[PDB]
There are 2 protein chains.
Amino acid sequence: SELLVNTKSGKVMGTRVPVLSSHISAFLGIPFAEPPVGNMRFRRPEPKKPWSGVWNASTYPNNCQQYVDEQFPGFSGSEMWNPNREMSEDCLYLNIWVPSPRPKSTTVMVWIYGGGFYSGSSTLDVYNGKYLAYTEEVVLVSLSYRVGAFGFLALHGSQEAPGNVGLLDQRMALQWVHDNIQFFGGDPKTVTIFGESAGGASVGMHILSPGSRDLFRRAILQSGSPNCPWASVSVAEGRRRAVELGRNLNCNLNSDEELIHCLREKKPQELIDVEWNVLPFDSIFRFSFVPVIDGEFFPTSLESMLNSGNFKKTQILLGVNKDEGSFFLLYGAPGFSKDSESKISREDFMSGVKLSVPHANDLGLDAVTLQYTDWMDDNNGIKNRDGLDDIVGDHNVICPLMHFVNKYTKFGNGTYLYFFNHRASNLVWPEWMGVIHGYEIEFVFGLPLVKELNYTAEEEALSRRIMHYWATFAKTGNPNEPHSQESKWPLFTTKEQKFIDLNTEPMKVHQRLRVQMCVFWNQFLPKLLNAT
Amino acid sequence: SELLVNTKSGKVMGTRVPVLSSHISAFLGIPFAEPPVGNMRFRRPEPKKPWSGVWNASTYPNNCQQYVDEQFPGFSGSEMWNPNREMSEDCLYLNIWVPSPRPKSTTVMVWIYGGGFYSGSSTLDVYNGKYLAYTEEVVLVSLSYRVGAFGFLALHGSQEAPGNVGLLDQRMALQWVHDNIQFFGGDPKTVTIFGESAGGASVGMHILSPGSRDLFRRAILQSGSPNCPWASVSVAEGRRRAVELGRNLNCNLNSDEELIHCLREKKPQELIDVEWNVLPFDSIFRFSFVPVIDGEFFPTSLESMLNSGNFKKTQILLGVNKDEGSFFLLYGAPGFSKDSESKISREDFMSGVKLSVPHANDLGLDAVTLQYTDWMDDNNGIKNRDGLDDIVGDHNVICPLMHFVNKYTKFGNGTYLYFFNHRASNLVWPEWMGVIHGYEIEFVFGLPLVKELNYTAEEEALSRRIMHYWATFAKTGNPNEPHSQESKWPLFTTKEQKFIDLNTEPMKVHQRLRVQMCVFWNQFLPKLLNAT
């Protein structure tokens, strides 16, 4: 039977699903690790033990225990990101969408969801692999991993919570795809991993980490890179936050064993209720438990790794959205509202800068303010709003990704850069938010192809172009069709630095994506903060 | 007789001179102080002793001993600024141009020449007061003062070279105009002092210095203000340079008396041959002997004086030229040439920045470079040239003058700001230099009215407009005609910050003259250099 597959872990029974008035196979909730419950909490994942009989993979699995956004109850705009399944510590499963008839050895794409390392699910509607699997004829895999304290608590030195166990979760899932995807029709030597936000940062971390390098061929990074100021911390800050977490739940803090044991006796929702109380600064776009430079998963510091060429050399495709920061200002900076134009005063602009660059001294806050203010129109509320918006995006997503791409391209075997600047017509968020963080995803998974969702005809055309780029790149290492007549997505080179805009208009090639600001955030500010 | 005048110092015999096919009286070389020779060198000026008989004031006086530019022998462009008379330490005289018939009590204008405090003469062709005296019907006075070491050597604490004796020279001349201009038809209670470069800085210093405040009514400052980074030094740096000057001429340095006496036995040309060897840094737009904050001429520091409103409150008219820096880059920065487009490479751009902001640490040099570089076109030789040009002008003339005008307007009784951006058609300097430092002067003195000099018809029209502005302002405190139908030069206010462009096109009002950069040079950089 086409829905029956025999893997090295046991037999699996999938289910047939309808897609664009046709059908494909889906194997949902296949386990790749033992349930990390009880004494296993905070610990590294263990391989799932083989099972007898047939595993029923016809329904989605549970979602990892996580913080749930309730800033706008009912609002589809925000709930479409919340977990749509029972949350549980027993969350390590993966989903596979296979074309029909089953391929013999086709291209594989493994998706890693984002969520600031504190949230995210593989079962969201936006992440439905069937449209893409169907339209491009590839085996689509989406894995899951532990987030929040459950996946990133770090007490370096002990083996009960070494840290980065959330990244080890992903590596585990990748190891399974490597050892079993062949039985689903996929080609293990042609797997592209791709992600967004924290997922984009994760993809960049497997490219850097020696233990993960051999498990995939190519990589796609969307709005996120490993060297982002929010994606990692030192073992010291990791330890400092683990302790404070324990202090918030009144735990015996005499020793790591003391602390860990107390944290293991706690109910999931208790660690989550106080998780945000451990951040060192009053800030925006920063998260409690994230990856930590431990000397294992990451040999040395990320910057020296990028400078020494110590990382997997292959082809990569990456880019960012036009308005990456608006989402965090809405939820955290004073002055912004979901229901108003949110024109910001000088007062709130500067409060926003303090919140966006939390680690900067007064001299630094002054440098940032000067760099993003038009003194010929300093009280223009719309200019201060977009100025604040640019700051959060540049400092957190764009300038860090341009540093990675420029360092990578020096040792890589091919780079393709995009800039997504199209605001979907059916967006429910206000206009002042623009091309929002995470909304390029819907085009990548092809939601515009389904009429009932209500996208324009040009938006569906865009979705197919992007789906063909990602897929054609996953198969060949080049987003372009060999002898096509269409426009060519030029290659990014250390010299020319070309990139393309991605919208519903005739393709246009550009150069030096936001250089002015990137030089400020990557060369000047770091230096200033260090000398002072 | 109309050419005979009896002053409180003695009788003076002037001469009739032709101007625009007419005539006016001229009293040239009237002395206002005793010849500062011999033992009087470096000492404060003494009032000229009355004389019997008639003083012959029909020919220009000598020029103060000074450095003479020989960078372009023959070149009119540079020689028109060199002394056109025998140089001599006996240089303290003043020139008066009186309308004919002699007025009874008309407006007086006293001109103070510029020259970086190391050069300058009242007898240059460009400074001929007859055209202005004639055209606007005002008594025009041009004084002289000692420059270089002769007028600014400062050994604070001693009375043999207290410092600022060059400013005391000007004050002396002003005291004479105050006590005698009435006998020439001028009104002593309506004297406007006005100057350019070092002269503009001098005018601003009489506005600040308690001893000079009562000697004039209004002031006009062109391309220069008291708080310019090149116009003054501390008593310590003044002392440090006086000593080094003495070290260069092998003088006994055991005591001030030792040093001063040795410097007095030296021939004028000997102090001038080594004058430039005392600058602390390799620099551009910096001069050896300039005014010094001594606690006498200047009560406290200039910044606290401007902040406390401690200065003469009256009306002032000031402005700057579009390309104030090009002249110093040509003579001192590597890459620039009088005979080429001078496109600058990245190498020379940065060498230029090091030369322009001599007192900045590496972090500061980086801030400046970042603020003036277009990273989307960093190797564009024309952009690096104009970028360097903007830096020198902004840091040395424009941003400092905007700080003064903004501080003054808070306690003043009226401010009028201009931006001169018209390049004369007969300029002999290359085009890349633009609207050069000191070339608005020719329009102020009305040289465009004399056909033989070869100016366009619109240039002569501009010269009359400007001459009427300066003169109408000198008489009333407002550059505009009471019930005129012409365009109005708006008043500059702390709130609106309006200013006008001054060229051959229909007047246009603007706001916040170069705010972006002015905030950088006045608020951020100072702060950065102080914290680091």
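- Chain A appears in the PDB entry as ACETYLCHOLINESTERASE from Torpedo californica.
- In the PDB, the structure is listed with the title "SPECIFIC CHEMICAL AND STRUCTURAL DAMAGE AT NINE TIME POINTS (POINT F) CAUSED BY INTENSE SYNCHROTRON RADIATION TO TORPEDO CALIFORNICA ACETYLCHOLINESTERASE".
- Under the Function heading, UniProt states for chain A: "Terminates signal transduction at the neuromuscular junction by rapid hydrolysis of the acetylcholine released into the synaptic cleft. May be involved in cell-cell interactions."
- For the record of chain A, the UniProt heading Sequence similarities holds the text "Belongs to the type-B carboxylesterase/lipase family."

1. Things to note about the overall build of chain A
Item 1. Across its full length, chain A carries 16 helices and 16 strands.
Item 2. The C-alpha extent of chain A, read off along each of the three principal axes, is 70 × 65 × 50 Å.
Item 3. The contacts in chain A between residues at least 6 apart in sequence include a share of 75% that link residues at least 24 apart.

2. Re the environment of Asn522(B)
Residue and element names in this part refer to chain B.
Item 1. Assignment of secondary structure puts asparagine 522 in helix α16 (residues 515-531).
Item 2. Residue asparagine 522 is classed as partly exposed on the basis of its relative accessible area, which comes to 26%.
Item 3. Non-local contacts of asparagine 522, meaning those with residues more than four positions away in its chain, are made with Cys399, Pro400 and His403.

3. Looking at the relation of the copies chain A and chain B
Item 1. Once chain A is rotated about the relating axis by 180° and shifted along it by 0.0 Å, it coincides with chain B to within an RMSD of 0.0 Å. Such values leave the two copies arranged in the relation of a two-fold axis. Within chain A, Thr532(A) has its C-alpha nearest the rotation axis, a separation of 2.9 Å.

4. Regarding the packing of helix α6 (residues 235-248) of chain B against helix α7 (residues 256-264) of chain B
Residues and elements named next belong to chain B.
Item 1. Contact pair α6 / α7: the axes reach a minimum separation of 10 Å and the direction vectors enclose 55°. Comparing the axis directions of α6 and α7 gives the class oblique. Read as a crossing pair, α6 and α7 show a hand that is left-handed. Contacts between α6 and α7 involve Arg239, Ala242, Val243, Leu245 and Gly246 from the first element and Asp256, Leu259 and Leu263 from the second.
Item 2. For the contact of α6 with α7, the per-class residue count stands at five nonpolar, one polar and two charged.

5. Comments concerning the UniProt feature "active site" in chain A
All names here are of chain A.
Item 1. Per the UniProt record, "active site" is annotated on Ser197, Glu324 and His437. In sequence the annotated residues extend across 241 residues, while in space they remain close, none of their C-alpha pairs exceeding 9.9 Å.
Item 2. Along the chain, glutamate 324 turns up in the loop between β13 (316-321) and α10 (326-332).
Item 3. Setting aside residues up to four positions removed in sequence, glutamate 324 forms contacts with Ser223, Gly393, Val397, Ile398, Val435 and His437.
Item 4. Within the fold, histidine 437 resides in the loop between β14 (415-420) and α14 (441-444).
Item 5. For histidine 437, a relative accessible area of 11% gives the class buried.
Item 6. With near-sequence residues (within four places) excluded, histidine 437 lies in contact with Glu196, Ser197, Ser223, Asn321, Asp323, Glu324 and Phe328.
Item 7. Among the polar contacts made by the side chain of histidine 437, one reaches the side chain of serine 197 at a distance of 3.3 Å.

6. Here we look at the sheet that holds strand β1 (residues 4-7) of chain A
All names here are of chain A.
Item 1. Strand order in the open sheet formed by three strands is β1-β2-β5, with mixed pairing between adjacent strands. What marks the edges here is a single partner per strand, and that holds for β1 and β5 (54-56). The average undirected angle you get between the axes of adjacent strands in this sheet is 30°.
Item 2. Relative to β5, strand β2 (residues 10-13) is paired through three bridges, and the arrangement is parallel. Residue pairing across strands places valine 12 opposite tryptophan 55, the latter belonging to β5.

7. Notes on the interface of chain A and chain B
Item 1. With 21 residues of chain A at the interface, the matching set in chain B holds 21 residues.
Item 2. Of the roughly 1800 Å² buried between chain A and chain B on both sides combined, carbon and sulfur atoms contribute 66%.
Item 3. Viewed at the interface, chain B and chain A are joined by four salt bridges.
Item 4. The shortest N-O distance in the salt bridge between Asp366(B) and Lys527(A) comes to 2.8 Å.
Item 5. Inspection of the region where chain A meets chain B yields ten residue pairs in polar contact.
Item 6. Across the side of chain A that touches chain B, the residue classes break down as eleven nonpolar, four polar and six charged.

8. A word on the sheet that holds strand β3 (residues 15-18) of chain A
All names here are of chain A.
Item 1. One open sheet holds the eleven strands; their spatial order is β3-β4-β6-β8-β7-β9-β10-β13-β14-β15-β16, and the pairing between them is mixed. Of all strands in the sheet, those bounded by a partner on one side alone are β3 and β16 (509-511). Averaged over neighbouring strand pairs, the angle between their axes works out to 25° when direction is ignored.
Item 2. Pairing of β14 with strand β15 (residues 498-502) involves three bridges; the strand directions are parallel. Bridge pairing links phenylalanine 420 to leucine 502 in β15.
Item 3. Along the sheet face, helix α4 (residues 165-180) touches β4 (23-31), β6 (93-98), β7 (106-112), β8 (139-142) and β9 (186-196) and points at about 165° away from the line of β7.
Item 4. Along the sheet, helix α13 (residues 381-408) makes contact with β10 (218-222), β13 and β14, crossing β13 at roughly 160°.

9. A closer look at the side chain of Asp394(A)
Item 1. Looking at where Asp394(A) falls in the secondary structure, it is placed in helix α13.
Item 2. With near-sequence residues (within four places) excluded, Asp394(A) lies in contact with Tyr372(A), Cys399(A), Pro400(A), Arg514(A), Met517(A) and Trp521(A).

10. Quick notes on the nonpolar core
Item 1. Within the largest apolar cluster, 350 residues are counted, with the highest numbers of intra-cluster contacts made by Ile96(A), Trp470(A), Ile96(B) and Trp470(B).
Item 2. The residues touching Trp470(B), leaving out its near neighbours within four places in the chain, are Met109(B), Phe194(B), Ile220(B), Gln222(B), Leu317(B), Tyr418(B), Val444(B), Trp489(B) and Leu502(B).

11. Notes on the packing of helix α11 (residues 346-356) of chain A against helix α12 (residues 362-371) of chain A
Residues and elements named next belong to chain A.
Item 1. At a closest axis distance of 10 Å, the pairing of α11 and α12 adopts a crossing angle of 125°. With respect to each other, α11 and α12 are oriented oblique. In this structure, α11 crosses over α12, and the sense of that crossing is right-handed. Of α12, the residues touching α11 (which contributes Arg346, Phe349, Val353 and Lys354) are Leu365, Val368 and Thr369.
Item 2. A class-by-class count of the residues in the contact of α11 with α12 yields four nonpolar, one polar and two charged.

12. A closer look at the pattern of salt bridges
Two side chains carrying opposite charge are able to pair once their charged atoms lie near each other.
Item 1. Throughout the structure, instances matching the rule amount to 50 salt bridges over all chains.
Item 2. With its nearest N and O atoms 3.9 Å apart, the salt bridge here joins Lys451(A) to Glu460(A).
Item 3. For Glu460(A), a relative accessible area of 19% puts it in the buried group.
Item 4. For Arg239(B), the salt bridge is made with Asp256(B), and the minimal N-O distance between the two is 2.9 Å. Of the two residues, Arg239(B) is situated in helix α6 and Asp256(B) in helix α7; the sequence distance between them amounts to 17 residues.
Item 5. Classification of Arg239(B) as partly exposed rests on a relative accessible area of 28%.

The rules we used
- The numbering scheme counts residues from 1 along every chain following its written sequence, independent of the entry's numbering, with residues that lack coordinates not shown.
- Note on labels: chains are lettered from A, ligands numbered from 1, in written order.
- Side-chain descriptors were evaluated using all non-hydrogen atoms of the structure, hydrogens and water having been removed beforehand.
- Residues with missing side-chain atoms are left out of burial classes, side-chain pairs and their counts.
- UniProt positions are given in the numbering used here, feature names are shortened, and annotations may be inferred rather than shown by experiment.
- Under the scheme used here, helices are H or I runs from DSSP no shorter than 4 residues and strands are E runs no shorter than 2 residues, and both carry numbers assigned from the N terminus.
- The contact definition used throughout considers only heavy atoms, calling two residues in contact when any of these lie within 4.5 Å.
- Relative accessible area decides the class of each residue, using a 1.4 Å probe on protein chains only: under 20% of the type maximum gives buried, over 50% gives exposed, and in between gives partly exposed.
- Least squares on the C-alpha atoms is how the copies get superposed.
- Only C-alpha atoms enter the line fits that serve as axes; for helices the fit covers just the stretch in contact. Angles between N-to-C directions range over 0 to 180 degrees.
- What sets the label is the angle itself: under 35 degrees gives roughly parallel, over 145 gives roughly antiparallel, 65 to 115 gives roughly perpendicular, and the rest give oblique.
- Crossings are assigned a handedness: left-handed for a near helix turned anticlockwise from the far helix by less than a right angle, right-handed for a clockwise turn.
- Just so you know the grouping, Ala, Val, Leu, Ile, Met, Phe, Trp, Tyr, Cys and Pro go in nonpolar, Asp, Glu, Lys and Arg go in charged, and all remaining residues, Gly too, go in polar.
- Within 3.5 Å is the distance limit for a polar contact, defined as a pair of N or O atoms, with the added protein rule that one can donate a hydrogen and the other accept it, and that residues adjacent in sequence qualify only through two side-chain atoms.
- At least two bridges found by DSSP between two strands are what make those strands a pair.
- Here the buried area means the combined drop in accessible surface, using a 1.4 Å probe, for two parts upon being joined, counting both sides.
- We define a salt bridge as a side-chain nitrogen of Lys or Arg found within 4 Å of a carboxyl oxygen belonging to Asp or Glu.
- In these notes, a set of buried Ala, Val, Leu, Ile, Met, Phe, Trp, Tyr and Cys residues joined through side-chain atoms within 4.5 Å is what counts as a nonpolar core.

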